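# Tertiary structure, described
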Amino acid sequence: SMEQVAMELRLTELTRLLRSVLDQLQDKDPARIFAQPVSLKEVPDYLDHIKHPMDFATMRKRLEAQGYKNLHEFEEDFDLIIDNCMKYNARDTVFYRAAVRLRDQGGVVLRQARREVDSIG
């Protein structure tokens, strides 16, 4: 149907906008702390602590499959990256501190993404 095609074009354009957002958030992690999944070889107990692991590579895979239907779903995954880290790691660690900085810097990016999503529809 033509309606299905138009809905698919909207998803495509949302995917384009979320790719630019993703790139801008990942720039706020210059140490690459959040780039890849926590390795279960290296942290064997991780899934006893963290029930829904997340990282920027995992988000990129979902994005490229057009697997975010709206900005809320994308933000949920980003918040998992931050929130997971701040539970597993203590305050005095480079990991926790990286997460705080990513959260604070990323909030600015996401505030304008939300206006763009609503604006363009």
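Determination of this PDB entry was carried out by X-ray crystallography to a resolution of 1.4800 Å, according to the record.

### Quick notes on unusual backbone geometry
The phi dihedral of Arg32 is positive, around 60°, even though this residue is not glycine. Position of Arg32 relative to the elements: it lies in the loop between α1 (2-27) and α2 (46-49). One non-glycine residue with positive phi stands out, namely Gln66, at about 50°. Classification of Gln66 by relative accessible area gives partly exposed; the value is 31%.

### Quick notes on helix α5 (residues 94-120)
The terminal C-alpha atoms of α5, which comprises 27 residues, lie 38 Å apart, in line with the 39 Å expected from a rise of 1.5 Å per residue. The largest bend in α5 amounts to roughly 30° and is located at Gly107. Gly121 sits one or two residues past α5 and shows a positive phi near 85°.

The rules we used
Residues numbered from 1 in each chain as written, not as in the entry; some residues may be left out. Heavy atoms only, no water. Residues with missing side-chain atoms left out of burial classes, pairs and counts. Helix = DSSP H or I, 4+ residues; strand = E, 2+ residues; numbered from the N terminus. Buried < 20%, exposed > 50% of the residue type's maximum accessible area, 1.4 Å probe, protein only. Expected span 1.5 Å × (residues − 1). Bend = angle between axes of the 7 residues up to and from the residue.

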